[PDB]
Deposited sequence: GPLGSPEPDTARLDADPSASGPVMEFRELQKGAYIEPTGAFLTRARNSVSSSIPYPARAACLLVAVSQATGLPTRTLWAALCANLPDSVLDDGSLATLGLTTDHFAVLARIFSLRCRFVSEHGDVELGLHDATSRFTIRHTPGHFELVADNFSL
């Protein structure tokens, strides 16, 4: 259980390991939020500008400032999930988006080289589509 061990080793985390789905219940679209996490006041990880292409895409589609999106992640995720050691190298994941969707009521269809995945909340206020290529996120109209 590498996910559980990395969370149990996180000093910024408290409580038992559980899915974000259960830590912060909401109108999730299956399987949004089904990733293991722990509860935290706020993380001090500075805005990862060079690797925030995921936040830029969400920001462009919603109008939410990129730094507003980051602050939300810093206030709801332990440091181990915000930075698993490759934050600067590999950036953010669809799990980070699942948290933003719960906080800001978002729904996004991700179009990837290896298929699509729909993540967010059911009656979301903002609906958009993001394209994934190896290592990159880009807002699109409604690809493929």
| item | value |
| --- | --- |
| In sequence order, the deposited-sequence ranges that have no modelled C-alpha atom | 1 to 6, 47 to 48, 153 to 154 |
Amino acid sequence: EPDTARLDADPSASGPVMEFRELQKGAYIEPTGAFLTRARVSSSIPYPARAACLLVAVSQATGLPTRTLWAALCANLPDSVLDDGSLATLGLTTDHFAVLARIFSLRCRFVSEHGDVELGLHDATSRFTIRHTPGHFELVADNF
From here on, numbers count along this sequence of modelled residues.
property: Mean C-alpha temperature factor, higher of 52 to 60 and 109 to 117; result: 109 to 117
property: Which of 84 to 92 and 99 to 107 has higher mean CA B factor, as the PDB entry lists it; result: 84 to 92
property: Out of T32, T66, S44, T37, highest CA B-factor residue; result: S44
